[PDB]
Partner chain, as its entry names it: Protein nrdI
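Read the single chain below, which is given as C-alpha cells and is the form solved without the partner chain.
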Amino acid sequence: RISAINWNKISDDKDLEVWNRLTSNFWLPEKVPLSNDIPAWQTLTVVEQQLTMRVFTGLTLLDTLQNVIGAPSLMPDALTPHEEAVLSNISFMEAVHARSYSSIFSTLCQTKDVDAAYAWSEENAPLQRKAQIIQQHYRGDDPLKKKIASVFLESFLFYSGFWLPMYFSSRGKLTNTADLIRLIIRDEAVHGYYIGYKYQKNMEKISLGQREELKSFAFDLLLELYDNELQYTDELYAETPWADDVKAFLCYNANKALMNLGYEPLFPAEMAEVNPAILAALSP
C-alpha cells in the first residue's frame, strides 16, 4: 500500500539534511567552461593524454555501475521514505557524473583516442575486478554488505582516478576539468557519509556476533580492494613518476571510507601522507 510521502513528518533529520545538501548542490557539466582547458590539454604529452582518457573511462564505469546497480540496490533496504527519495537523487547524480566524462572527451579529446581508452577499460583486469567485486555484493542478499561496498565505491575506489585532475590543477593545468571533478567529489563525499551513516543505523538493530562478522568482512574487503587498486595504479601510472603519490592518496581516502562506516583507520600516517599541493587542490 503506497502512501503519499510527507516531508513535514521526518523520522530522521539526517534524511532532510542530506536531501537539502545534495539537491542544493545540483550541477551539470554544461555549467563548467571545459573548452577553456583546450590550451592546457595541448601542452600534455601523448602519454599524459592517454593516461587521462584511461583514468576517466574507469571513473565513468564506476559512476555508471552506481547509477544502474548500486544506488537502486540500496532502495529496498531504506529505513524511511525520505531516504528512498534521497537515493533517487543519488542515482540521478551518478548519471550526471558519468555523463560529465563524455562532456570532457567531447571538448578536449580525439574520438579515436577516446574509443581506444573505452576498449582499454573493457580489457583492464584490475578495473573489471573492482567492478565485479562491488557488483557481486549489490546483487547479493545481505543489505549491510551492500552498504559497505557502496561506501568503498564512493569514498575509496574513485580516488586513484581523482588524483590526476587534482595533480594537474596543482600545476595550473586542466583547471576547469578539475572544477568539474571537485563537483563530483562534493557529491561522492556526501554519498559515502550518508550511506555509511545508514549502515551504522541499521547495525544498531543486529546482534553483537553479526556486528563482529561484518567489521571483519569490511576490513577484508577493503584490504582486497586496496591490493587490486595498487595493481590498477601500477598499470595506469607506469610511465609517470606519480604511482607512489597516488598510493598515498589511496591510503588517505581508505581511512575516510572506514570512518564513514564508523571504523578506525587501518593506514598509518606514514602511508597516508598526501602532498599539501594535492590537498590544496581538493579544497581551493
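Positions refer to the first chain, counted from 1.
Below, we turn to the form solved in complex with the partner chain, even though it does not appear here.
K.L.:
The chain here is shown without the partner chain. Which stretch in 251-259, 237-245, 44-52, 224-232 comes within 4.5 angstroms of it in the entry with it bound, by heavy atom distance?
P.N.:
After filtering at 4.5 Å, what remains is 251-259.
K.L.:
Given that the partner chain is not shown alongside this chain, does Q200 nevertheless sit within 4.5 Å of it in the entry with it bound, heavy atom to heavy atom?
P.N.:
Yes, contact at 4.5 Å.
K.L.:
Is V190 close enough to the partner chain in the entry with it bound to count, meaning some heavy atom within 4.5 Å?
P.N.:
Result yes; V190 sits at the interface with the partner chain in the entry with it bound.
K.L.:
Considering non-hydrogen atoms and a 4.5 Å limit, does the partner chain approach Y167 in the entry with it bound?
P.N.:
Looking in the entry with it bound, residue contacts with the partner chain do not include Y167, since no heavy atom lies within 4.5 Å.
K.L.:
Test of understanding: in the entry with it bound, would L74 fall inside 4.5 Å of the partner chain by heavy atoms?
P.N.:
Judged by the heavy-atom cut-off of 4.5 Å, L74 is well away from the partner chain in the entry with it bound.
K.L.:
If you apply a 4.5 angstroms heavy atom cut-off, which residues in 13-47 are near the partner chain in the entry with it bound?
P.N.:
Residues within 4.5 Å: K14, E17, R21.
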